[PDB]
Every structure is written in structure tokens, then in C-alpha cells.
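A.B. asks: Sending over run_27.cif (mmCIF, C-alpha atoms).
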```
data_structure
loop_
_atom_site.label_atom_id
_atom_site.label_comp_id
_atom_site.auth_asym_id
_atom_site.auth_seq_id
_atom_site.Cartn_x
_atom_site.Cartn_y
_atom_site.Cartn_z
CA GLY A 1 -50.87 -31.51 30.58
CA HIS A 2 -53.93 -32.89 32.44
CA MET A 3 -53.37 -30.30 35.17
CA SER A 4 -54.59 -26.86 34.18
CA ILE A 5 -57.86 -26.35 32.32
CA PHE A 6 -57.06 -22.88 31.00
CA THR A 7 -55.26 -23.59 27.74
CA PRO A 8 -55.92 -20.85 25.13
CA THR A 9 -54.66 -21.27 21.57
CA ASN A 10 -52.12 -18.72 20.35
CA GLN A 11 -49.09 -18.45 18.06
CA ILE A 12 -46.33 -17.68 20.56
CA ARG A 13 -47.33 -18.57 24.12
CA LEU A 14 -46.01 -20.83 26.89
CA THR A 15 -49.47 -22.38 26.98
CA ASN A 16 -49.01 -23.80 23.48
CA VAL A 17 -45.52 -25.23 23.93
CA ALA A 18 -44.51 -28.83 23.32
CA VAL A 19 -42.21 -30.73 25.67
CA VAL A 20 -38.98 -31.80 23.98
CA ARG A 21 -35.54 -32.45 25.47
CA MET A 22 -32.26 -34.07 24.49
CA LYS A 23 -30.45 -36.36 26.90
CA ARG A 24 -26.68 -36.02 26.66
CA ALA A 25 -24.01 -38.16 28.29
CA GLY A 26 -23.30 -35.58 30.97
CA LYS A 27 -25.89 -32.83 30.46
CA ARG A 28 -29.57 -32.10 29.77
CA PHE A 29 -31.20 -29.81 27.21
CA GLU A 30 -34.94 -29.21 27.62
CA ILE A 31 -36.73 -26.70 25.37
CA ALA A 32 -40.23 -25.65 24.34
CA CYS A 33 -41.40 -25.32 20.74
CA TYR A 34 -44.77 -24.90 19.02
CA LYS A 35 -47.19 -27.82 19.41
CA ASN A 36 -48.32 -27.40 15.79
CA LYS A 37 -46.54 -30.50 14.42
CA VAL A 38 -43.17 -29.46 15.83
CA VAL A 39 -41.51 -32.53 14.27
CA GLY A 40 -42.88 -31.47 10.88
CA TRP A 41 -39.57 -29.86 9.89
CA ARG A 42 -37.92 -33.30 9.97
CA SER A 43 -40.26 -34.45 7.20
CA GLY A 44 -40.72 -31.21 5.26
CA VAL A 45 -44.24 -30.52 6.51
CA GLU A 46 -43.44 -27.26 8.28
CA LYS A 47 -43.89 -23.65 7.14
CA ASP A 48 -40.71 -22.24 8.66
CA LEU A 49 -38.23 -22.77 11.49
CA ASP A 50 -38.56 -19.47 13.36
CA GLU A 51 -42.17 -19.06 14.51
CA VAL A 52 -42.05 -22.70 15.59
CA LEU A 53 -39.64 -21.59 18.31
CA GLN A 54 -41.85 -20.49 21.19
CA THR A 55 -39.00 -19.77 23.58
CA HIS A 56 -35.28 -19.20 23.09
CA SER A 57 -34.51 -20.36 26.62
CA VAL A 58 -33.11 -23.84 27.18
CA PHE A 59 -33.31 -25.70 30.49
CA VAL A 60 -30.24 -27.56 31.71
CA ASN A 61 -32.37 -29.30 34.34
CA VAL A 62 -36.05 -28.64 35.06
CA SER A 63 -35.74 -30.47 38.40
CA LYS A 64 -33.35 -27.83 39.76
CA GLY A 65 -34.65 -24.95 37.67
CA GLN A 66 -31.51 -24.02 35.79
CA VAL A 67 -32.43 -21.77 32.87
CA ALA A 68 -29.57 -21.46 30.41
CA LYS A 69 -29.14 -18.02 28.89
CA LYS A 70 -27.37 -17.15 25.62
CA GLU A 71 -24.04 -17.27 27.50
CA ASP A 72 -24.86 -20.66 28.99
CA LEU A 73 -25.71 -22.35 25.69
CA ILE A 74 -22.59 -20.78 24.15
CA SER A 75 -20.56 -22.53 26.85
CA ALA A 76 -22.50 -25.78 27.21
CA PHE A 77 -23.06 -26.37 23.50
CA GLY A 78 -20.53 -23.99 21.99
CA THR A 79 -22.86 -22.13 19.67
CA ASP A 80 -24.76 -18.88 20.36
CA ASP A 81 -27.44 -19.82 17.84
CA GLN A 82 -30.42 -21.43 19.53
CA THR A 83 -31.75 -22.68 16.20
CA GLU A 84 -28.82 -25.10 15.81
CA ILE A 85 -29.15 -26.37 19.37
CA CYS A 86 -32.94 -26.63 19.24
CA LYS A 87 -32.73 -28.39 15.87
CA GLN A 88 -30.45 -31.05 17.34
CA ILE A 89 -32.73 -31.47 20.36
CA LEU A 90 -35.68 -31.88 17.99
CA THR A 91 -34.08 -34.62 15.89
CA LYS A 92 -32.08 -36.36 18.66
CA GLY A 93 -34.33 -35.80 21.65
CA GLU A 94 -37.58 -36.76 23.33
CA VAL A 95 -39.89 -34.82 21.04
CA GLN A 96 -43.66 -35.15 21.37
CA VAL A 97 -44.69 -36.94 18.18
CA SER A 98 -48.32 -36.26 19.04
CA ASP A 99 -50.24 -35.25 15.91
CA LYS A 100 -53.69 -35.34 17.51
CA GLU A 101 -53.82 -36.51 21.12
CA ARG A 102 -51.45 -34.54 23.33
CA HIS A 103 -50.29 -37.58 25.31
CA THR A 104 -47.74 -40.40 25.17
CA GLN A 105 -48.42 -44.01 24.10
CA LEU A 106 -52.10 -43.88 25.02
CA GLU A 107 -55.47 -42.41 23.98
CA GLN A 108 -55.52 -44.87 21.05
CA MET A 109 -52.61 -42.93 19.51
CA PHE A 110 -51.28 -46.25 18.18
CA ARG A 111 -54.39 -46.51 16.00
CA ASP A 112 -53.59 -43.08 14.53
CA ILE A 113 -50.59 -44.27 12.53
CA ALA A 114 -52.50 -47.49 11.88
CA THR A 115 -55.13 -45.44 10.06
CA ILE A 116 -52.49 -43.87 7.81
CA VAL A 117 -50.89 -47.22 6.96
CA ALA A 118 -54.32 -48.84 6.42
CA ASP A 119 -55.18 -46.94 3.23
CA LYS A 120 -51.59 -47.41 2.11
CA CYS A 121 -51.97 -51.19 1.91
CA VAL A 122 -54.46 -53.65 0.44
CA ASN A 123 -55.74 -56.56 2.52
CA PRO A 124 -56.74 -59.95 1.05
CA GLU A 125 -60.32 -61.26 1.00
CA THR A 126 -61.62 -60.94 4.57
CA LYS A 127 -62.95 -57.37 4.77
CA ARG A 128 -62.42 -53.88 3.34
CA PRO A 129 -59.20 -51.81 3.82
CA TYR A 130 -61.24 -49.45 6.03
CA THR A 131 -60.70 -51.97 8.83
CA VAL A 132 -57.90 -50.11 10.61
CA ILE A 133 -58.08 -52.64 13.45
CA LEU A 134 -57.09 -55.40 11.00
CA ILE A 135 -53.81 -53.74 10.06
CA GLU A 136 -53.22 -52.32 13.54
CA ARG A 137 -53.37 -55.82 15.07
CA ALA A 138 -50.44 -56.87 12.90
CA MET A 139 -48.63 -53.53 13.12
CA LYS A 140 -48.41 -53.43 16.92
CA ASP A 141 -47.70 -57.17 16.95
CA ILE A 142 -44.31 -56.98 15.26
CA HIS A 143 -43.30 -53.54 16.51
CA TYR A 144 -45.21 -52.22 19.50
CA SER A 145 -45.50 -48.44 19.83
CA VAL A 146 -44.95 -47.67 16.14
CA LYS A 147 -46.05 -44.11 16.80
CA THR A 148 -43.47 -43.42 19.49
CA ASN A 149 -40.41 -41.62 18.02
CA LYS A 150 -41.43 -42.87 14.58
CA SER A 151 -38.61 -41.93 12.22
CA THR A 152 -40.35 -41.07 8.95
CA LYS A 153 -37.49 -40.48 6.51
CA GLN A 154 -35.22 -43.09 8.07
CA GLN A 155 -37.14 -46.24 8.99
CA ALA A 156 -39.50 -46.03 6.02
CA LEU A 157 -38.26 -49.34 4.62
CA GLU A 158 -38.16 -51.00 8.04
CA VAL A 159 -41.76 -50.13 8.93
CA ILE A 160 -43.18 -51.48 5.67
CA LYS A 161 -41.14 -54.68 6.09
CA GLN A 162 -42.16 -55.08 9.73
CA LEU A 163 -45.80 -55.11 8.68
CA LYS A 164 -45.16 -57.62 5.87
CA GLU A 165 -43.28 -59.79 8.38
CA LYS A 166 -46.57 -60.63 10.08
CA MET A 167 -49.33 -59.85 7.60
CA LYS A 168 -48.55 -60.06 3.90
CA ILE A 169 -50.29 -57.06 2.38
CA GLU A 170 -51.19 -56.90 -1.30
CA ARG A 171 -49.12 -54.15 -2.94
CA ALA A 172 -48.94 -50.59 -1.63
CA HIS A 173 -48.96 -46.94 -2.69
CA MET A 174 -47.19 -46.62 -6.04
CA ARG A 175 -46.70 -43.82 -8.59
CA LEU A 176 -48.09 -43.54 -12.13
CA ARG A 177 -47.54 -40.93 -14.83
CA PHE A 178 -49.83 -40.18 -17.76
CA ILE A 179 -48.39 -39.38 -21.19
CA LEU A 180 -50.31 -37.29 -23.74
CA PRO A 181 -49.60 -34.44 -26.25
CA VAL A 182 -50.20 -30.72 -25.59
CA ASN A 183 -53.61 -30.87 -27.29
CA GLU A 184 -54.93 -33.63 -25.03
CA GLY A 185 -52.95 -32.29 -22.09
CA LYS A 186 -55.01 -29.11 -22.16
CA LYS A 187 -57.94 -31.09 -20.76
CA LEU A 188 -56.72 -33.08 -17.77
CA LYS A 189 -54.44 -30.28 -16.54
CA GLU A 190 -57.57 -28.23 -15.92
CA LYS A 191 -59.30 -31.07 -14.07
CA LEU A 192 -56.67 -32.97 -12.07
CA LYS A 193 -54.75 -29.85 -10.99
CA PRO A 194 -57.72 -28.04 -9.27
CA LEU A 195 -58.43 -31.27 -7.36
CA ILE A 196 -54.89 -31.16 -5.93
CA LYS A 197 -54.07 -34.87 -6.21
CA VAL A 198 -50.83 -34.61 -8.17
CA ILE A 199 -47.21 -35.09 -7.13
CA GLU A 200 -44.24 -32.73 -7.67
CA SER A 201 -43.29 -34.46 -10.92
CA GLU A 202 -44.76 -33.17 -14.17
CA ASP A 203 -43.62 -32.38 -17.71
CA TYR A 204 -44.44 -29.09 -19.42
CA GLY A 205 -42.80 -29.75 -22.77
CA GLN A 206 -44.43 -31.52 -25.70
CA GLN A 207 -45.97 -34.18 -23.50
CA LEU A 208 -47.86 -33.28 -20.35
CA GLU A 209 -46.63 -36.08 -18.11
CA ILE A 210 -48.53 -35.94 -14.84
CA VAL A 211 -47.87 -38.20 -11.87
CA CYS A 212 -51.17 -38.73 -10.07
CA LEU A 213 -51.72 -41.65 -7.71
CA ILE A 214 -53.13 -41.81 -4.19
CA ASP A 215 -53.27 -44.56 -1.53
CA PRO A 216 -54.54 -47.96 -2.82
CA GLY A 217 -57.22 -48.01 -0.12
CA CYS A 218 -59.00 -45.20 -1.94
CA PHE A 219 -57.97 -46.37 -5.42
CA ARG A 220 -61.64 -46.80 -6.32
CA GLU A 221 -62.27 -43.19 -5.30
CA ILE A 222 -59.55 -41.77 -7.51
CA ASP A 223 -59.71 -44.09 -10.53
CA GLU A 224 -63.46 -43.43 -10.80
CA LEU A 225 -62.60 -40.08 -12.37
CA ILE A 226 -59.10 -40.81 -13.69
CA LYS A 227 -60.58 -43.57 -15.88
CA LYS A 228 -62.21 -40.94 -18.11
CA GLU A 229 -60.23 -37.79 -17.26
CA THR A 230 -56.89 -39.08 -18.51
CA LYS A 231 -56.95 -42.89 -18.76
CA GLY A 232 -59.58 -42.70 -21.48
CA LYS A 233 -57.50 -40.15 -23.36
CA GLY A 234 -53.78 -40.72 -22.91
CA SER A 235 -51.46 -43.55 -21.95
CA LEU A 236 -50.73 -44.53 -18.34
CA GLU A 237 -47.14 -45.32 -17.45
CA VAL A 238 -45.72 -46.49 -14.12
CA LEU A 239 -42.98 -44.61 -12.27
CA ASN A 240 -40.57 -47.12 -10.75
CA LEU A 241 -37.28 -45.41 -11.61
CA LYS A 242 -36.25 -42.73 -9.14
CA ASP A 243 -32.66 -42.66 -10.39
CA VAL A 244 -33.63 -41.01 -13.66
CA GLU A 245 -35.00 -37.59 -14.64
CA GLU A 246 -38.56 -37.47 -13.33
CA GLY A 247 -39.40 -34.23 -15.09
CA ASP A 248 -39.96 -30.77 -13.67
CA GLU A 249 -40.56 -29.96 -10.01
CA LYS A 250 -40.34 -26.20 -10.43
CA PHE A 251 -40.96 -23.65 -13.16
CA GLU A 252 -37.85 -21.78 -12.06
#
```
Let me see whether you can do it: turn the structure in this file into C-alpha cells.
C.D. replies:
Amino acid sequence: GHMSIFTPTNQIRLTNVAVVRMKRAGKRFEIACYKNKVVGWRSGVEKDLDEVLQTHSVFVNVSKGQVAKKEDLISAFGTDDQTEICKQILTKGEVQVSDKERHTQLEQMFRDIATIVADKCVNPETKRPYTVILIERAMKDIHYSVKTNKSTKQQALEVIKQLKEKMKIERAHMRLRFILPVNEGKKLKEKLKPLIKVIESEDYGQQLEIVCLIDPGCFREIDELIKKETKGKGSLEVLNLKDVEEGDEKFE
């Protein structure tokens, strides 16, 4: 980065690779995957785990220039499958968690995650939730560099508590499900579905239970239509039990 100007976008090219490497106790494993949200697979935001692999060559040490072939990885790691090795390097290595700016802890990248958490929380009387700086000031205060190696499905509870530790936010993003019969269901299902604001939790039996709820920051933008689309038709129930049958997540 910040060296060559010629950087054309392509699917499988060494010009579109992301730097990621795993540091072992007595060995190094540096690889190159697609820069298109390479860490997406660790959160279920990917499309596959094949095309994301730009190169099948792993470096044992870029300083010396030791390129490990299929025989090398089979000896060093013990497996001939690069997918397994690369997968480990991606979840236990120095992966570029850059979603926008292709740099480290700079370029205001700390404000990026702050923008996502902003709409997810409600601030008390002082300004509107659009003030990313307001939440960012408290976010980076308790835990600096919250974007660096941010473990999504692992430190989810920690991150939300770290924020509350400093600034006590008012509620957060919850889940609600509407309950109405087939007759009334055949009205909101043709309005809320095309908008694509629903969650993978619906009922297709006698009651069309639909779980639709976005970030509280934009609650006024979603409820403005929900108030008449389903609220002024069926009953609105809250979804707080994740240890029970939610409904249907697939028609198969």
C-alpha cells in the first residue's frame, strides 16, 4: 500500500490481495486473500470460501522469501488442504479488518465502527443519535482501537458493556414480532418484504409472525410506516426469548 499507484480492480489478482498472517510459536504463515471483506466469513457475510482465496501459496517468511509449496504446508502444518490452513490464519492471525480504508489504526477508521454503534444506541437529551463523535468519544475512551481485530461473534457482549461502562446509553437494537391472521397477513407481507427490513424469523402457518426491527437511531424512519402497515392492523410482540422456537428460517 501507499507505494504503487497502479492498482486495478479484479477478482483474482495479486493487486487485490489483503495482507494476513498468523504468528506461531516457532514459525510464520503469511498468505494473501481477497480484499473484499476477507474477514466476512467469520461473521457469515461472505459468498463463498473459494474465490476469496487469491493465492494458494503461503509464505513462511517474507523477509527471507521462503514460499511454501503444497509439500511445505503438508510438512509445516500437516495438512495438504490450503483452505484449512488459510482459515486458521484468517481467524487466528493478523487479518486486515479494513472495511473501507485500506490502512491500519488511522484514516479515521476508528470512527467507522463508531458510526455503526451510533445508530445502535440512543443517547440522552444533549443532541441527536447522528452525532457519531458523541459515542466515539466514549467508545475509544474505554477501549482504544475498537476496530482493530474486532471480534464480532465473540466480544459482542464485552463491546456493548465497555460502552455502557463510560456512557450509559438508553436501550439498544431489539427485536419485535407482529402477530396477525392469514387474512391480515396478506397485506403487510407484500409491503414489508419488498422493503427488505425483516429478519430470518417468520411464521407461515395460521399467523404471519414477522420480526421486523432496525437500529433505534433510525426508529423514527422505520416506525413511520410500520405504525400503519402492521401496527395499525395486528399486535406487536417483543422477541426476548432466543431459547425457544422462533419460527421458520427456511421453507425447506
A.B. asks: Quick one: pull the distance between CA of residue 102 in chain A and CA of residue 1 in chain A, Å, one decimal.
C.D. replies: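 A separation of 7.9 Å between them.
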A.B. asks: I want to know what sits within 10 Å of range 81-84 of chain A, based on all atoms listed in the file, with residues of the same chain fewer than 4 positions away left out; could you give that as a PyMOL selection string?
C.D. replies: chain A and resi 49-50+53+55-58+70+73-74+77+88-90
A.B. asks: Out of A:17, A:210, A:35, A:28, which residue has the shortest atom-to-atom distance to residue 65 in chain A when counting only C-alpha atoms?
C.D. replies: A:28
A.B. asks: Which one is closest to residue 235 in chain A: A:207, A:151, A:162, A:105? Count all atoms listed in the file.
C.D. replies: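 Selected residue with least distance to residue 235 in chain A: A:207.
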A.B. asks: Which residue, A:248, A:146, A:243, A:124, has the smallest gap to residue 104 in chain A when you use all atoms listed in the file?
C.D. replies: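 Result for the nearest residue to residue 104 in chain A: A:146.
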A.B. asks: Would you mind listing what lies within 8 Å of residue 37 in chain A as a PyMOL selection string, with all atoms listed in the file counted and same-chain residues fewer than 2 positions away left out?
C.D. replies: chain A and resi 34-35+39-40+46+97-99
A.B. asks: Report the residues retrieved by the PyMOL selection byres ((chain A and resi 20) around 10) from the displayed file, expressed as a CSV table (one decimal) with C-alpha atoms, in the coordinates of the input.
C.D. replies:
```
chain,number,residue,atom,x,y,z
A,17,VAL,CA,-45.5,-25.2,23.9
A,18,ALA,CA,-44.5,-28.8,23.3
A,19,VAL,CA,-42.2,-30.7,25.7
A,21,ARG,CA,-35.5,-32.4,25.5
A,22,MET,CA,-32.3,-34.1,24.5
A,29,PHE,CA,-31.2,-29.8,27.2
A,30,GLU,CA,-34.9,-29.2,27.6
A,31,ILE,CA,-36.7,-26.7,25.4
A,32,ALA,CA,-40.2,-25.6,24.3
A,33,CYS,CA,-41.4,-25.3,20.7
A,38,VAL,CA,-43.2,-29.5,15.8
A,86,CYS,CA,-32.9,-26.6,19.2
A,89,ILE,CA,-32.7,-31.5,20.4
A,90,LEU,CA,-35.7,-31.9,18.0
A,91,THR,CA,-34.1,-34.6,15.9
A,92,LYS,CA,-32.1,-36.4,18.7
A,93,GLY,CA,-34.3,-35.8,21.6
A,94,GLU,CA,-37.6,-36.8,23.3
A,95,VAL,CA,-39.9,-34.8,21.0
A,96,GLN,CA,-43.7,-35.2,21.4
A,97,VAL,CA,-44.7,-36.9,18.2
```
A.B. asks: Could you list, as an NGL selection string, every residue within 12 Å of residue 182 in chain A, counting all atoms listed in the file and ignoring same-chain residues fewer than 6 positions away?
C.D. replies: :A and (188-189 or 203-209 or 234)
A.B. asks: Quick check, in Å to one decimal: how far apart do CA of residue 160 in chain A and CA of residue 47 in chain A lie?
C.D. replies: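 Straight-line distance from CA of residue 160 in chain A to CA of residue 47 in chain A works out to 27.9 Å.
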A.B. asks: Closest to residue 100 in chain A among A:156, A:147, A:72, A:85, using all atoms listed in the file?
C.D. replies: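 Closest candidate: A:147.
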A.B. asks: By how many Å are CA of residue 172 in chain A and CA of residue 229 in chain A apart?
C.D. replies: 23.1 Å
A.B. asks: Could you pull the residues within 9 Å of residue 142 in chain A, counting all atoms listed in the file, minus those fewer than 4 positions along the same chain, as a list in words?
C.D. replies: residues 138, 162, 163, 165 and 166 of chain A
A.B. asks: Could you pull the residues within 12 Å of range 196-200 of chain A, counting only C-alpha atoms, minus those fewer than 2 positions along the same chain, as a PDB file with C-alpha atoms, in the frame of the given file?
C.D. replies:
```
ATOM      1  CA  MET A 174     -47.190 -46.620  -6.040  1.00  0.00           C
ATOM      2  CA  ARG A 175     -46.700 -43.820  -8.590  1.00  0.00           C
ATOM      3  CA  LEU A 176     -48.090 -43.540 -12.130  1.00  0.00           C
ATOM      4  CA  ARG A 177     -47.540 -40.930 -14.830  1.00  0.00           C
ATOM      5  CA  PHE A 178     -49.830 -40.180 -17.760  1.00  0.00           C
ATOM      6  CA  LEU A 188     -56.720 -33.080 -17.770  1.00  0.00           C
ATOM      7  CA  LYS A 189     -54.440 -30.280 -16.540  1.00  0.00           C
ATOM      8  CA  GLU A 190     -57.570 -28.230 -15.920  1.00  0.00           C
ATOM      9  CA  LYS A 191     -59.300 -31.070 -14.070  1.00  0.00           C
ATOM     10  CA  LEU A 192     -56.670 -32.970 -12.070  1.00  0.00           C
ATOM     11  CA  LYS A 193     -54.750 -29.850 -10.990  1.00  0.00           C
ATOM     12  CA  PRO A 194     -57.720 -28.040  -9.270  1.00  0.00           C
ATOM     13  CA  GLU A 202     -44.760 -33.170 -14.170  1.00  0.00           C
ATOM     14  CA  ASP A 203     -43.620 -32.380 -17.710  1.00  0.00           C
ATOM     15  CA  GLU A 209     -46.630 -36.080 -18.110  1.00  0.00           C
ATOM     16  CA  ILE A 210     -48.530 -35.940 -14.840  1.00  0.00           C
ATOM     17  CA  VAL A 211     -47.870 -38.200 -11.870  1.00  0.00           C
ATOM     18  CA  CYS A 212     -51.170 -38.730 -10.070  1.00  0.00           C
ATOM     19  CA  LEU A 213     -51.720 -41.650  -7.710  1.00  0.00           C
ATOM     20  CA  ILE A 214     -53.130 -41.810  -4.190  1.00  0.00           C
ATOM     21  CA  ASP A 215     -53.270 -44.560  -1.530  1.00  0.00           C
ATOM     22  CA  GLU A 221     -62.270 -43.190  -5.300  1.00  0.00           C
ATOM     23  CA  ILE A 222     -59.550 -41.770  -7.510  1.00  0.00           C
ATOM     24  CA  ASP A 223     -59.710 -44.090 -10.530  1.00  0.00           C
ATOM     25  CA  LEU A 225     -62.600 -40.080 -12.370  1.00  0.00           C
ATOM     26  CA  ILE A 226     -59.100 -40.810 -13.690  1.00  0.00           C
ATOM     27  CA  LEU A 239     -42.980 -44.610 -12.270  1.00  0.00           C
ATOM     28  CA  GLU A 246     -38.560 -37.470 -13.330  1.00  0.00           C
ATOM     29  CA  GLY A 247     -39.400 -34.230 -15.090  1.00  0.00           C
ATOM     30  CA  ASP A 248     -39.960 -30.770 -13.670  1.00  0.00           C
ATOM     31  CA  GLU A 249     -40.560 -29.960 -10.010  1.00  0.00           C
ATOM     32  CA  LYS A 250     -40.340 -26.200 -10.430  1.00  0.00           C
ATOM     33  CA  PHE A 251     -40.960 -23.650 -13.160  1.00  0.00           C
TER      34      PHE A 251
END
```
A.B. asks: Considering only C-alpha atoms, state which residue in the set A:4, A:103, A:164, A:64 is at the smallest distance from residue 148 in chain A.
C.D. replies: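 Smallest distance to residue 148 in chain A is found for A:103.
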A.B. asks: May I ask which of the residues A:122, A:79, A:27, A:167 is the closest one to residue 66 in chain A, counting only C-alpha atoms?
C.D. replies: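 Checking each candidate against residue 66 in chain A, we get A:27 as the closest.
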A.B. asks: Got a sec to resolve the PyMOL selection byres ((chain A and resi 129-136) around 8) on this structure and send the residues as a PDB file with C-alpha atoms, in the frame of the given file?
C.D. replies:
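Saved result, part_24.pdb, follows:
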```
ATOM      1  CA  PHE A 110     -51.280 -46.250  18.180  1.00  0.00           C
ATOM      2  CA  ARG A 111     -54.390 -46.510  16.000  1.00  0.00           C
ATOM      3  CA  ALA A 114     -52.500 -47.490  11.880  1.00  0.00           C
ATOM      4  CA  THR A 115     -55.130 -45.440  10.060  1.00  0.00           C
ATOM      5  CA  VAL A 117     -50.890 -47.220   6.960  1.00  0.00           C
ATOM      6  CA  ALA A 118     -54.320 -48.840   6.420  1.00  0.00           C
ATOM      7  CA  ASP A 119     -55.180 -46.940   3.230  1.00  0.00           C
ATOM      8  CA  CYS A 121     -51.970 -51.190   1.910  1.00  0.00           C
ATOM      9  CA  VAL A 122     -54.460 -53.650   0.440  1.00  0.00           C
ATOM     10  CA  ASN A 123     -55.740 -56.560   2.520  1.00  0.00           C
ATOM     11  CA  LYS A 127     -62.950 -57.370   4.770  1.00  0.00           C
ATOM     12  CA  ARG A 128     -62.420 -53.880   3.340  1.00  0.00           C
ATOM     13  CA  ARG A 137     -53.370 -55.820  15.070  1.00  0.00           C
ATOM     14  CA  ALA A 138     -50.440 -56.870  12.900  1.00  0.00           C
ATOM     15  CA  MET A 139     -48.630 -53.530  13.120  1.00  0.00           C
ATOM     16  CA  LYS A 140     -48.410 -53.430  16.920  1.00  0.00           C
ATOM     17  CA  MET A 167     -49.330 -59.850   7.600  1.00  0.00           C
ATOM     18  CA  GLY A 217     -57.220 -48.010  -0.120  1.00  0.00           C
TER      19      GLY A 217
END
```
